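Novice: Attaching a single structure in structure tokens format; questions to follow.
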Amino acid sequence: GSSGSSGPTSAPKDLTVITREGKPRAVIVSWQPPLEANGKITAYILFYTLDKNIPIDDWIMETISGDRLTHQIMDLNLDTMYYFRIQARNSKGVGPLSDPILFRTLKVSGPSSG
């Protein structure tokens, strides 16, 4: 009957990644709801990976509650560039992703440069 499953055609914004204060390997990726969401978001799928040479598919996809606009990652490498790409998904489907943000992870084991 209702075969009108299209989905959002725009990626989220305000995509920021900050290292937790209680844990370095942990980060709080916050974002905002898209405009062309084409319908309230029911779920948010985030993707992150240190290597971009691989297809967004090979990346590590993470499901999030549409109600929430943030995601906490655990077990992250130290002193390694990590790309970020999140998107919006509604009862219908999911659209594109946001630009790959370049955010390096804290460094617990440092050679004592500074």
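According to our numbering, numbering within the sequence shown proceeds without interruption in unit steps and concludes at 131. For every residue, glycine included, the Cβ atom is placed at its ideal position computed from N, Cα and C.
Hey, could you find the ends of the beta strand (DSSP E) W48 is sitting in?
Specialist: Residues 44 to 49.
Novice: Measuring CA to CA, which of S129, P128, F120 is closest to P41?
Specialist: Closest by alpha carbon: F120.
Novice: Which one or two residues does DSSP pair with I73 in a beta bridge?
Specialist: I73 pairs with nothing; no bridge assigned.
Novice: What residue range does the beta strand (DSSP E) around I90 cover?
Specialist: Element bounds for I90: 87 to 90.
Novice: Is the beta carbon of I73 closer than 9 Å to that of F64?
Specialist: Yes, the pair counts as a contact, with Cβ atoms nearer than the cut-off.
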